[PDB]
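This report refers to the structure that appears directly beneath it.
Here the Cβ is made from the backbone with ideal geometry for all residues, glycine too, and neighbour counts use every protein chain on show. What follows is calculated from the coordinates using simple rules that are stated; it is not laboratory data.
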Amino acid sequence: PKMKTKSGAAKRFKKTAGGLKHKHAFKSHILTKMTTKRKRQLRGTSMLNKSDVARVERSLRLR
Amino acid sequence: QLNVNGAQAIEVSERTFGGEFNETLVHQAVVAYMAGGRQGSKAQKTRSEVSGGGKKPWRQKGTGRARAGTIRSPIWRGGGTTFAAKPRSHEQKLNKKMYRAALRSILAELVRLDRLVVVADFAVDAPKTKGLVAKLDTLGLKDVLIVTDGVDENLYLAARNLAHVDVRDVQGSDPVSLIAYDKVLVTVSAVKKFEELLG
Amino acid sequence: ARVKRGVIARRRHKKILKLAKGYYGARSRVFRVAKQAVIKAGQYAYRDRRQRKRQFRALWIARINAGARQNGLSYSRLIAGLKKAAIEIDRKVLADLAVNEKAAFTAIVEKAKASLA
Amino acid sequence: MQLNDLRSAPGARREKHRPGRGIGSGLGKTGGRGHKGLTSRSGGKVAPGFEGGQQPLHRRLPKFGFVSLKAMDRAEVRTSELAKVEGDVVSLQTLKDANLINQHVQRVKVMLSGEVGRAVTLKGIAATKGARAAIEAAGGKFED
RNA sequence: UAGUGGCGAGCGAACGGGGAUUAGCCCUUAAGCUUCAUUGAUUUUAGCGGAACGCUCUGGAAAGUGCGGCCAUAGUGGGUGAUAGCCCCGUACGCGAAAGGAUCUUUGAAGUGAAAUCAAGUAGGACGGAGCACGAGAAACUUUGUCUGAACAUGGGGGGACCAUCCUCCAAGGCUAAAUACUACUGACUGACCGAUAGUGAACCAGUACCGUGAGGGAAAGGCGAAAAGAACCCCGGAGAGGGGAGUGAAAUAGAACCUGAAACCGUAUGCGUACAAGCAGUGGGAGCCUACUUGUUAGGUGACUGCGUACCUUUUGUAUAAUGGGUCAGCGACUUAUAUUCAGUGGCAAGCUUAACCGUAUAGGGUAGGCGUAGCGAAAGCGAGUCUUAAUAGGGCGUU
RNA sequence: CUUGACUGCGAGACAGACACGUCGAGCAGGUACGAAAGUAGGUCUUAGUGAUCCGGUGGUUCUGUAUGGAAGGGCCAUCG
């Protein structure tokens, strides 16, 4: 170990064999305002977009 | 398979002797051997390490002179080397399978080019160079590598002054020194030990 | 492995300063002015390989014009015969015949007064 | 073979083009860096994650999960490599004698990912449902 | 990695493994260590012996050429008039110490260890800090500036708030070698290190000269030749400086400021051009003249006359730009190295592959701790070619020969 | 009537640098209603908004540093 991952990025992006999975934003502290359809479709664990993979796995030290 | 001076064959393996020559592999094992015998003992001084040059040589403006920050800048003739050396190592990693496969590719070409000469046993009695010159001349033989199963003491004391021969054991044989000498003498005990290691 | 570069730099200055031989002043004797002067002389030498083919093409035409008006015909009337007749003879040797073999150039300008087009 | 006659295959070694050696080398004057701005300066590096100043992904998406400390000593074997033990007993220690399982592992569950082959006895080792069937098919047995 | 962190930048364990080293003794008195005195032993402070080549050629000089030998536990050492295993000093390899030093070892001696008797203003606690990877945080554990304050083996501490039950230990007395860190100073060997603007600031009378009140800063400067054989004598000159000879040497345009002796810069000689012609100084065309040669339709020099022609770098939308930089020459001067990692090429092995420290009669071989691969999904327990969700095996995401 | 201003989702699109955003059935939990075909996952449409990190609250099957628990953490819901 002579290369330090961001500890703050490993909290966000867990790595699977399908990619780097993350949770969604807009799911905190203002939730009666939005509809139930917009709280339902952000509740899972999505995947990381192709333009985002290179910036994240330089932070998570994998490039 | 292999033939000897003393009227016999050995029936060595097709594995260790008589395989196919890979020059990309033998080049890598020779560059690896020739670099691990390099000692990286040199150093030059950086601009921090050259003696002096603490203060600025003049004020930043007004003097009509180019910007300087120390007498010991790498542009200045007193200054440090810009990428000054430190003692580093030139050792590199061969795989253990990759050294062995490169030796196994060299021995195959020593057979194929008639540069390998097998004798039944090779022992001198006296610790004397003249006694070993006189025995290599019975084989029509100079600039030789002698590879025995274990180097005995008289065979080492002879031929360690002699100008163009070496006496190695099988463990101590190496890719460069059996591609450098114009002949290699292995005994029949050596081709057994070469097949314990490589086959 | 340190390498000193005084033998390669002096042979590289001496090539560029041999190509500068014959130039006025510091253009032939100091390197910073001779390097620029040899570069410029080979830009001009490139350019004027094209203009040489133009400057002779003008000089041929001007002598053919001058040697045709001796025989009562302009340049452009002499050349005009030959989309109708066909001598297929060029400006380079018609200028050489207008000067030297003046009677064989009179025989060509009467074949062009025979075309009438 | 001579030391004077060895070279590697074409494409094995490359020239290592050096930047900034004249304007014919292709990396003349600037060495692939272009013009002004930080990327051509020395130490001219943009930090990983930095997006010009907006909220980057590692601070804009929520943190989630905990890491289980219960699974640090957990490991999985599969039925392809159960025959690599010796002595017709697959124990926790015997899976460590062959290098199938690290030390500090003390909880092994074996899944089905191939063929068993030999009749092995799995003591003190959990198996899945499709792996217990493929071991008892090949004469295996289970106890603890 | 776990943790930790304006949960930012960052900081960073432990358990468990693989090794290096190998000892534990005591407070009812010990190992161990110091000082002497001795018992053998080993080193160190200097030395001694130390093999084998002649003829020939070129040359100023032979080690080089040519031929023929020899020695070798000594053959790629240093230098000798050019390149030497056999010329010289060495080297391999043996020997050697009046007298000291040092290490190790016998076996006594005085000491010390040593604080007294198994630990009380101590453990614990409250405030405020500091440390533990841990920013006081659920904060354990350790240290303590202030204030307090125990139990006594049918005790007491820890096991990361805390409580019970287990497990494991005995704090408040100590002493302990080796494995480990470093090298101003010695010595030997070594270098894909440097070779006088380099390498130490410093090859030379260098931390000098010089600069500063001072602390402090801090240079430049190597080379005759094999041997001084360093130029007797003569001549001009001011018993000059500096030359012209003669000698010396292989060579003096090796003459001491001395090997080579480049470039800028400054000269003399010769050939051609140039005093009615305007500007990046060249290039295309091109006469005449002058040298060598041989034929002429060449080679070198000069270039009258003429067409076209506003340097270079950098920076810019754009520069002849009256925008930047450069007086010129010669040296020097800017993508490196380490460790992690990703991709490509090229190889070895292949469902496996590879070792790290370390061991090693040492680039070998051993060492597979570990790392990655063979299985994923889930936050996780877990289940596994499958979870989540909901009362819903009902409906989609991820994976899968 | 008095709840479809539903719960689980969701084929497929539109927008789109990313984070966001917009449009959209059938089975059930189950529904108001209509006596029924059926309409209803808010409002004629497009503004009425705010990431993360820290806290707060209610669940939870998850974790729970020897063990049983708790503490703390995670997940889901929601507040500042």
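Report, to two decimal places, the Cα Rg of region C:49-109 normalised by 2.2 N^0.38 Å (N = number of residues).
Values: Rg = 11.5 Å, N = 61, 2.2 N^0.38 = 10.5 Å.
Normalised Cα radius of gyration, region C:49-109: 1.09.
Out of the chymotrypsin sites (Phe, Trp or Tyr not before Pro) in region B:2-96, which ones are loop residues according to DSSP with at most 10 other C-beta atoms within 10 Å? Display every interim value, and only then the final one.
Numbers: sites: B:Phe17, B:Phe21, B:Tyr33, B:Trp58, B:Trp76, B:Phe83; in loops: B:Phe17, B:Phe21, B:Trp58, B:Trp76, B:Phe83.
For chymotrypsin sites (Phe, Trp or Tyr not before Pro) across region B:2-96 that sit outside H, G, I, E and B with at most 10 neighbouring Cβ atoms in 10 Å, the list reads B:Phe83.
For chain D, what is one quarter of the convex hull surface built on the Cα atoms, given in nm²?
On the way: hull surface 79.6 nm².
Mean shadow area of the hull around the Cα atoms is 19.9 nm².
If you average 1/r over every pair of different alpha-carbon atoms in region D:49-125 and take one over that average, what Kirkwood value in Å do you get? Working shown, then result.
Numbers: mean 1/r = 0.0655 Å⁻¹.
Over region D:49-125, the inverse of the mean reciprocal pair distance is 15.3 Å.
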For region D:42-124: relative contact order, % (alpha-carbon pairs under 8 angstrom, 6 or more apart)
34
Degrees, to the nearest 10: B:23-36 long Cα axis against longest axis of chain B
60
Hz values of 3J(HN,Hα) by residue in region B:156-166 - Karplus curve (6.51, -1.76, 1.60), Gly and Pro given as x
7, 6, 5, 6, 9, 9, 6, 6, 10, 10, 10
Taking Cα atoms only, helix B:188-198 is inclined relative to the longest principal axis of chain B by an angle, in degrees rounded to 10, of 50
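Just to confirm the filter: which chymotrypsin sites (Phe, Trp or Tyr not before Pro) across region D:44-93 are DSSP coil and have at most 12 other Cβ within 10 angstrom of their Cβ? Please list the in-between numbers first.
Numbers: sites: D:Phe50, D:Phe64, D:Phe66; in loops: D:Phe50, D:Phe64, D:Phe66.
Loop-located and lightly packed - D:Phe50, D:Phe66.
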Could you check the spin-label model distance between D:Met72 and C:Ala9? Points 7 Å from the Cα along Cα→Cβ, value in nm.
6.1
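Over the residues of the protein assembly as shown, compute the C-alpha Rg and express it relative to 2.2 N^0.38 Å. Numbers along the way, then the final one.
Working: Rg = 42.2 Å, N = 523, 2.2 N^0.38 = 23.7 Å.
Scaled against compact globular proteins, the figure is 1.78.
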Can you tell me the mean projection area, over all orientations, of the convex hull of chain A's alpha carbons? Units nm², please.
5.4
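May I ask for the Kirkwood hydrodynamic radius of chain C, worked out over all distinct Cα pairs and given in angstroms to one decimal?
Working: mean 1/r = 0.0549 Å⁻¹.
Hydrodynamic radius (Kirkwood, Cα only) of chain C equals 18.2 Å.
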Taking chain D as a Gaussian network, where each spring joins two C-alpha atoms under 10 Å apart, which residue of D:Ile101, D:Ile125, D:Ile23 fluctuates the most?
D:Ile23
Give me the Debye-computed log₁₀ of I(q)/I(0) at q = 0.12, 0.15 Å⁻¹ for chain B, equal point scatterers on Cα only, no solvent, two decimals.
-0.69, -0.93
What helices in chain C pass both tests, a Cα length along the helix axis of 24 Å or more and a mean Kyte hydropathy of 1.0 or higher, using whole DSSP H runs?
none
Say we join alpha carbon atoms closer than 10 Å with springs in a Gaussian network model of chain C; which of C:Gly67, C:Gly25, C:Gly42 then has the biggest fluctuation?
C:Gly25
Obtain the nm distance between the two label points defined at A:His29 and C:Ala66 by a simple spin-label model: each point lies 7 Å from its Cα along the Cα-to-C-beta direction.
9.7
Candidates C:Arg47, C:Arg27, C:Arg12; GNM for chain C (alpha-carbon contacts under 10 Å) flags as most fluctuating C:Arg12
Restricting attention to region B:19-69, which GluC sites (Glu not before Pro) occupy a DSSP loop and are surrounded by at most 10 other Cβ atoms within 10 Å?
B:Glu20
